[PDB]
Every structure is written in C-alpha cells, then in structure tokens.
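Read-outs: derived from the displayed coordinates by stated rules, not from any lab. Cβ sites come from the backbone with ideal geometry, for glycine too, and all protein chains shown count toward neighbours.
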Ligand SMILES: Cc1cc2nc3c(=O)[nH]c(=O)nc-3n(C[C@H](O)[C@H](O)[C@H](O)COP(=O)(O)O)c2cc1C
Ligand SMILES: Cc1cc(NC(=O)c2c(O)nn3ccccc23)c(C(C)C)cc1Oc1ccccc1
Ligand SMILES: O=C(O)c1cc(=O)[nH]c(=O)[nH]1
C-alpha cells in the first residue's frame with residue numbers, strides 16, 4: 001500500500017467528490033487525464049501478467065471499461081495510468097446529447113454508481129478524426145502490448161439497429177484492435193431487446209460481413225457485450241449464436257437494472273444501470289456460465305465491481321482472460337490500477353500459478 005494509495009483513497013478523492021457532482025467530476029477527470037496530470041505509475045509489469053488473446057499481446061490484463069472515455073479524448077493518459085488496454089465509447093453514428101440531467105448518481109455506502117447517460121456521444125466522424133490523429137502511435141503501442149478497443153452504440157431515433165452498427169464497423173473498425181457490439185445498455189429503448197435469437201443472428205451476421213470486408217491490417221476482432229440481467233434462455237441462445245457465427249469474444253458484464261437487496265444509498269431507486277460492488281458477484285457468475293456454455297473456447301473480458309487482486313483473480317478463475325474496471329477508479333483514483341496489478345501478481349504466486357494464462361478458467365477444472 002503505497003503512500004499515494006492511502007492519500008488518494010482517504011483524503012484526495014473524498015474531498016473532490018464532496019465538491020463536485022459526479023458528472024462534473026467525470027468531465028474534470030477526463031480533462032486532467034487527457035493532459036497527463038497524473039501521479040507516477042511506478043509499478044513495472046512482470047512477465048506473469050502477460051496474456052495473448054484476440055490476436056494480440058496484452059502486457060497486463062487490467063483494462064479501463066467503456067464509458068469513461070466515451071469520445072476518445074484521453075487514450076494516451078489512460079495508458080500512462082498503467083492500464084494494459086483501453087476501450088473507448090460507446091460511440092453512436094450521429095452526435096446526440098443523451099438524457100436530461102441529472103443523470104449520474106453516487107451510492108458511497110455501497111461502493112456503487114447509478115447512471116442513465118443515454119449514449120451521449122460526439123458521433124463517429126468526430127471520434128474518427130481524433131483516432132486518426134494518433135493512428136500510427138497506436139500501432140506502435142499495440143505492438144508493444146497495449147491494444148485499443150472501440151465500443152459501438154446506436155442513435156436513439158434509429159429504425160434499424162443493424163445499420164447503425166454497420167456504419168460503426170465501417171468508420172471505426174479500421175482504427176481498432178477490437179470492436180464491441182452492445183446488446184446490453186439499459187438506457188436506450190429497445191437496445192437490450194436485441195435478443196430475439198434470429199434477430200440477434202441477423203444483427204451479428206451483418207456486423208461480421210462488414211468486418212470481413214476491411215483490409216487485412218485494418219480488420220479487428222468483434223466481441224459482444226451482455227448485461228447480467230439475462231434469462232437462462234437468453235444466455236443459451238447467445239452462446240449458440242456466438243459459436244455458430246464465429247464471434248471472437250464476449251464482454252461480461254454491463255451494468256444491471258436490478259437492485260439487489262441490502263443497498264443503503266439514498267439514491268438507490270433512481271432509474272439507470274447500477275455498477276460497482278453490488279454488481280461484482282452477479283457479473284462473476286455470468287462469466288462462469290458463459291465460459292461453460294461456450295466450452296472455454298470463446299475469450300471473455302470480465303467486468304463488474306473489481307477493485308482488488310482477489311476480485312480480478314475470481315473473475316479469471318471463473319473464465320475471464322482479461323478484466324476491466326471503472327467504478328473503482330472513481331472512488332480510489334488513478335492509484336487503483338497499480339494496486340490491482342500488484343495484488344493479482346502476489347495472489348497468483350501464492351496459489352501456485354505460473355502466470356495469468358495458467359489461471360484462466362481454473363475453477364472449472366476442480
Ligand atoms: C457512468 C458510466 C457510464 C458507462 N457507459 C458505458 C458505455 O457507454 N458503454 C458500455 O458498453 N458500458 C458503459 N458503462 C459500463 C461499464 O463499461 C462496465 O461494464 C460497468 O460499469 C461495470 O464495471 P464497474 O463495476 O467496474 O464499473 C458505463 C458505466 C458507468 C458507471
Ligand atoms: C480518475 C479520476 C476520477 C474522478 N472522478 C470521476 O471520474 C467520477 C466521480 O467522482 N464520480 N463519477 C461517477 C460516474 C463517472 C465518473 C465519476 C476524479 C474526480 C474526483 C475529479 C478524478 C480522477 O483522477 C484524478 C484524481 C486525482 C488526481 C489526478 C487525477
Ligand atoms: O447510459 C449510457 O450511456 C450507458 C450506461 C451504462 O451503464 N451502459 C451503457 O452501455 N451505456
């Protein structure tokens with residue numbers, strides 16, 4: 001536990017959060033990150049944290065989840081924070097404002113957040129030019145083990161979701177190491193309902209056709225991001241279509257529209273997706289189920305409620321090859337990234353694993 005770690009968690013972050021509502025704080029965090037105004041990330045990544053998956057090398061398995069850098073403004077500052085990979089978005093085809101404010105809420109007693117941003121997005125064209133301005137720098141980062149993902153959304157007024165996602169593949173696919181199709185945002189009408197098995201097969205067939213049409217060095221992996229709120233039938237159907245079509249991986253999970261018993265925050269009954277600690281074990285159980293339904297042959301990125309090495313390793317043993325976090329960054333600040341990495345390496349050694357790779361799916365072999 002470095003000095004920075006306790007100072008940020010016990011003094012600095014609680015003070016700033018006391019002065020700034022969550023949306024204003026989010027905006028200032030993006031600005032400061034984009035300018036490089038961050039503490040020293042001292043942790044050096046060891047060989048045991050390296051993972052090779054989705055056609056790329058990841059120097060460590062801890063990424064920043066979608067929704068923090070929605071518009072691609074802070075990618076290099078996020079690598080400087082120590083993340084092994086960065087995912088931007090969600091990005092919609094046209095710019096759109098999102099839902100009226102207030103639309104973000106903190107539940108500090110639960111280590112949780114509720115949000116109904118509604119896909120506020122600068123749009124594909126603005127994000128395209130931002131990534132083009134650093135495209136070759138990113139190629140060098142990716143070669144050195146720091147890949148980039150892009151998360152694709154749809155506009156609120158769209159009549160055909162599949163054409164929204166196709167446009168995103170055509171415009172940002174050539175700039176991404178992997179693309180994400182959300183079947184799971186809680187704050188757009190009809191989005192998650194993209195589950196009708198034949199409809200989902202139609203959607204993903206069109207996405208993969210568009211992807212396969214891109215030139216070889218600009219052809220990304222394609223992943224599906226799902227909610228934790230699916231029925232057992234929904235999960236069976238998703239696993240089936242994913243294997244049938246050759247989808248490259250899954251992200252598990254988005255926020256939940258459930259409200260687990262025991263939440264204490266005054267704002268627990270606000271509409272929106274809940275993230276952070278109340279989501280942690282629901283997300284881990286969804287990883288465990290999707291890994292089994294796909295026979296361990298489809299890489300999973302595990303996400304929901306991760307703030308320690310134990311949280312990360314539980315998801316890896318359940319089936320994740322990589323993990324992401326977001327809500328913990330908002331309460332701990334930048335030092336949380338090195339904390340998770342240091343604790344994960346210690347636990348791997350304690351449990352007798354040679355590295356991250358040896359622990360993926362290990363609970364299923366017991
Ligand atoms: C404020 C906020 C905005 C988010 N926006 C997006 C988004 O645009 N697209 C997406 O796929 N997930 C979005 N997410 C979900 C996260 O990517 C992640 O799946 C979820 O928050 C669980 O991780 P966590 O508990 O570590 O925060 C958002 C989450 C939060 C808290
Ligand atoms: C990494 C980070 C995050 C945040 N905060 C948020 O992002 C945030 C929040 O506070 N609530 N929230 C709800 C939904 C979504 C986001 C949020 C803040 C604010 C408290 C200013 C600062 C941050 O970086 C620092 C901290 C110290 C020194 C240098 C950089
Ligand atoms: O409201 C959004 O933009 C949003 C919130 C969230 O939790 N997940 C997502 O995919 N989008």
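Some points to look at:
- Residues in segment 245-261 that are more than 10 Å from residue 278 (Cβ to Cβ), within 15 Å of ligand 1 (Cβ to nearest atom) and surrounded by fewer than 22 Cβ atoms within 10 Å (Cβ to Cβ): 257 alone.
- Candidate set: segment 84-102, residues that are in contact (Cβ under 8 Å) with a residue 60 or more places away in the chain and away from ligand 1 (no atom under 14 Å from the Cβ); chosen: the one surrounded by the fewest Cβ atoms within 10 Å (Cβ to Cβ): 94
- In segment 21-54, residue surrounded by the fewest Cβ atoms within 10 Å (Cβ to Cβ) [restricted to those that are under 21 Å from the mean Cα position of the chain (by Cα) and under 15 Å from residue 355 (Cα atoms)]: 52
- Just one of the numbered conditions (1) farther than 25 Å from residue 35 by Cβ; (2) in contact with a helix residue (DSSP H, G or I) (Cβ under 9 Å, 6 or more places away or on another chain); (3) away from ligand 2 (no atom under 12 Å from the Cβ) is not true of residue 112: (3).
- One residue alone among 329, 344 is assigned to a helix (DSSP H, G or I), in contact with a helix residue (DSSP H, G or I) (Cβ under 8 Å, 6 or more places away or on another chain), buried (at least 24 other Cβ atoms within 10 Å of the Cβ) and touching a residue at least 60 places away in the same chain (Cβ under 8 Å), and that residue is 344.
- Filtered residue count, segment 25-61, keeping only those that are in contact with a strand residue (DSSP E or B) (Cβ under 6 Å, 6 or more places away or on another chain) and within 16 Å of ligand 1 (Cβ to nearest atom): 1
- Members of segment 267-313 that are in a loop (DSSP other than H, G, I, E, B), without any contact (Cβ under 8 Å) to a residue 60 or more places away in the chain and surrounded by fewer than 20 Cβ atoms within 10 Å (Cβ to Cβ): 269, 295, 297, 308
- Residue ID - nearest to ligand 2 (Cβ to nearest atom), chosen from residues in segment 230-256 that are under 17 Å from the mean Cα position of the chain (by Cα) and part of a loop (DSSP other than H, G, I, E, B): 255
- In segment 128-157, the residues that are in contact with a strand residue (DSSP E or B) (Cβ under 6 Å, 6 or more places away or on another chain) and closer than 17 Å to residue 74 by Cβ: 138, 147, 148, 149, 150, 151
- Among (1) under 18 Å from residue 83 (Cα atoms); (2) within 16 Å of ligand 1 (Cβ to nearest atom) - the single one residue 22 does not satisfy: (1)
- Test for residue 224: is it in contact (Cβ under 8 Å) with a residue 40 or more places away in the chain, surrounded by fewer than 18 Cβ atoms within 10 Å (Cβ to Cβ) and touching a strand residue (DSSP E or B) at 6+ places or on another chain (Cβ under 9 Å): no
- The single residue among 238, 251 that is free of Cβ contacts under 8 Å to residues at least 60 places away in the same chain and farther than 20 Å from residue 139 by Cβ turns out to be 238.
- Of residues in segment 314-326 being out of contact with any helix residue (DSSP H, G or I) (no Cβ under 6 Å at 6 or more places or on another chain) and in a loop (DSSP other than H, G, I, E, B), the one surrounded by the fewest Cβ atoms within 10 Å (Cβ to Cβ): 326
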